[PDB]
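once you've seen the sequence and the experimental structure below, I've got questions.
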Amino acid sequence: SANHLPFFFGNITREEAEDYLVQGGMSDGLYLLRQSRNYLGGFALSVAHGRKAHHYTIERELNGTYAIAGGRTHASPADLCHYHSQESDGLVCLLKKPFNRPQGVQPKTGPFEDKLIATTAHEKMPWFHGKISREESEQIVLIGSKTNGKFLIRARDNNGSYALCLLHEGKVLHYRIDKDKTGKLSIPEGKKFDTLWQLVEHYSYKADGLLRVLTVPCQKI
């Protein structure tokens, strides 16, 4: 699908997409497309309207079709833009001009690999150490070549519930990761994610409630 779209930027952050909106002209109806960072397989739509950027999450439905939350299904993300370019339907305005990728610029692929496969890809990742107790997690973090932001994720007493251990000025910080009814992982009062690696890539880029940003993953035993 949308890997060859001129306005598909990729796994860029929400802020970076807004910077491109100011580079494009911020004319109301200017839009671009990027990869969603907290909804697996879904997309995100960044539209500028009234001197502000507006973001809409294009979720991938169960049948393989993409649709906005509380909306009608579209074959591909391009079709959704084409539909919303002629019909407003719940958005701020109609999509007028796309902001094609500037020259030199390619789709940004992040450490997501730098449905089934995604859900069980964390087992082999360096920051995931599996099921360990709290005392074991702090020991393993405290005894290596340590540096601020060194972290790991462990499985809590529940299978499906995880816990984040982060190093901050000699102290191992413990953050709880809980599952909701939908099945989305989130830190208390934090943004919800579909997978753990999306939680890592978000928190390794911005503090967002944490005392510091995740940096280097602790190597697993």
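Arrived safely. Numbers count the residues shown, from 1 in each chain.

isn't residue 57 up against residue 46?
No: at 10.8 Å, residue 57 and residue 46 do not qualify as touching, with contact defined as C-beta atoms under 8 Å. Where C-beta positions appear, they are placed from N, C-alpha and C, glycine not excepted.

who has more neighbours out of those two?
residue 46 (23 against 14; other C-beta atoms under 10 Å).

which residues touch the more buried one?
By C-beta atoms under 8 Å, 6 or more residues apart in numbering, the contact set of residue 46 is 14, 17-18, 20-21, 31-34, 53-55.

go with 10 Å
Counting by C-beta atoms under 10 Å, 6 or more residues apart in numbering, residue 46 touches 7, 9, 12, 14, 16-18, 20-21, 30-34, 53-56, 99.

gap between residue 60 and residue 139?
Separation of residue 60 from residue 139 (C-beta to C-beta, to the nearest Å): 40 Å.

more neighbours, those two?
residue 60 (18 against 12).

ok, the closest residue to the more buried one other than its chain neighbours - contacts?
In this structure, residue 60 finds its nearest non-sequential neighbour in residue 41, 3.8 Å apart by C-beta to C-beta, 6 or more residues apart in numbering. Contact analysis of residue 41 by C-beta under 10 Å, 6+ apart lists 35, 58-61, 64, 66, 115, 118, 194.

how does it look with 8 Å?
60, 115, 118.

now it: how far from residue 206?
Separation of residue 41 from residue 206 (C-beta to C-beta): 23 Å.

need the residue closest to the centroid of the chain.
By C-alpha atoms, centre = their mean, the mean C-alpha position of the chain lies nearest to residue 37, the distance being 1.8 Å.

did I read that right, that one in a strand?
No: counting by DSSP: H, G, I helix; E, B strand; the rest coil, residue 37 falls outside a strand, being coil.

circling back: am I right that the residue nearest to residue 60 falls within a helix?
No: looking at residue 41 with three-state DSSP, it is coil, so not inside a helix.

dihedrals phi and psi, it?
phi 70, psi -10 (degrees, to the nearest 10).

with residue 172 instead?
According to degrees, to the nearest 10, residue 172 has phi -90, psi 110.
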